[PDB]
Amino acid sequence: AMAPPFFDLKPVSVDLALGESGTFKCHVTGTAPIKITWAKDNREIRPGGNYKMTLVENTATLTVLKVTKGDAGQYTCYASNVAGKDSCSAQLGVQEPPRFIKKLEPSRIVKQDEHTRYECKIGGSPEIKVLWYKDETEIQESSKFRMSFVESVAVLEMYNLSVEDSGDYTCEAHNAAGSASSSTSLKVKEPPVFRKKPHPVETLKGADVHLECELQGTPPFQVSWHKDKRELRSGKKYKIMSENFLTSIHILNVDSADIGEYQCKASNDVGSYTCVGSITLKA
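Numbered by the authors' numbering, the letters in the sequence shown go through residues -2 to 280 in order.
In structure tokens:
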């Protein structure tokens, strides 16, 4: 019997993370008793579920106890008395944590100097922030490590790869509601290279002679020696040493057939290379 309800403090819209809780608050004036009801997308909110209503001296609150995706929607507080009615509304948005729709593959071997590209697809509520890590350290954007995140697709492209780039790479995504990650292992290998052509080695008939090639690259290597289209093998005539950075052949009891060109081929997972050397004869 006189002033109708008027909400003089209206509730504030909010986004809440899955699993969290949150409260809408408003305040009403007018002739008592003012009846208060709440609705979620127009459906009357009833006690004993995920919503708790409180009303104390004309301050009305609605708490969502444990946020689920279904809780997203419009929450309206209605006030009524003999004189009239008012209502006020706020929106609840629900944030879902990031999820990898497309994960990284487990491993890769790449050759030194090459480039490689990693791509993930990540869903969940915006804004999602994506960072990449190498052996637990954040990778900084640069001409060598180019990153992007456009239309849910996260990309790391890496250039000029070197052995120190071998290790564990992680793409981690986070937002207001959580985080997720996908990891992979990279090994960068140097191909075999024989950078220096050996000088020819002169010998005498009946003597022994050593020929060697200096080798660079990521060991271990498979190594073969050849002359005149025949593979030369360790035995009574040849002693062959294949160390990580030096390959050698020791030719015993030299005769005319040993004079000429020798080839040493070295290979690993990522390349091969051939060294050519010659034995010459005195007298």
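Note that beta-carbon positions come from the ideal geometry of N, C-alpha and C, so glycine has one too.
As DSSP reads the structure, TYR235 sits in a beta bridge with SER231, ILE248. As the crow flies, the alpha-carbon of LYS141 is around 40 Å from that of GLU17.
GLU93 and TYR72 have their C-alpha atoms some 20 Å from each other. Look at the stretch 50 to 93 and you find these whole runs of beta strand (DSSP E), each 3 residues long or longer: 56 to 61, 70 to 78, 81 to 92.
By the Cβ test, the stretch 22 to 34 is not in contact with the stretch 63 to 71, since fewer than three Cβ pairs between them sit closer than 8 Å. Each residue's CA atom was taken as its position, placing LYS202 and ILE248 some 11 Å apart. Remark: fewer than three beta-carbon pairs, one from each stretch, lie closer than 8 Å, so the stretch 198 to 213 and the stretch 145 to 157 are not flagged as touching. By DSSP's assignment, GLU199 forms a beta bridge with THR277.
Within the stretch 103 to 127, the complete beta strand (DSSP E) segments of 3 residues or longer fall at 104 to 108, 113 to 120, listed in chain order.
If you ignore the 5 residues before and after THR20, its C-beta comes within less than 6 Å of the C-beta of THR58, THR60, all in its own chain and listed in chain order. Taken in chain order, the complete beta strand (DSSP E) segments of 3 residues or longer contained in the stretch 181 to 225 are 198 to 200, 206 to 211, 219 to 224.
Within the same chain, Cβ atoms closer than 7 Å to the Cβ of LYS7 are found at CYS23, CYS85, the five residues on either side in sequence being excluded.
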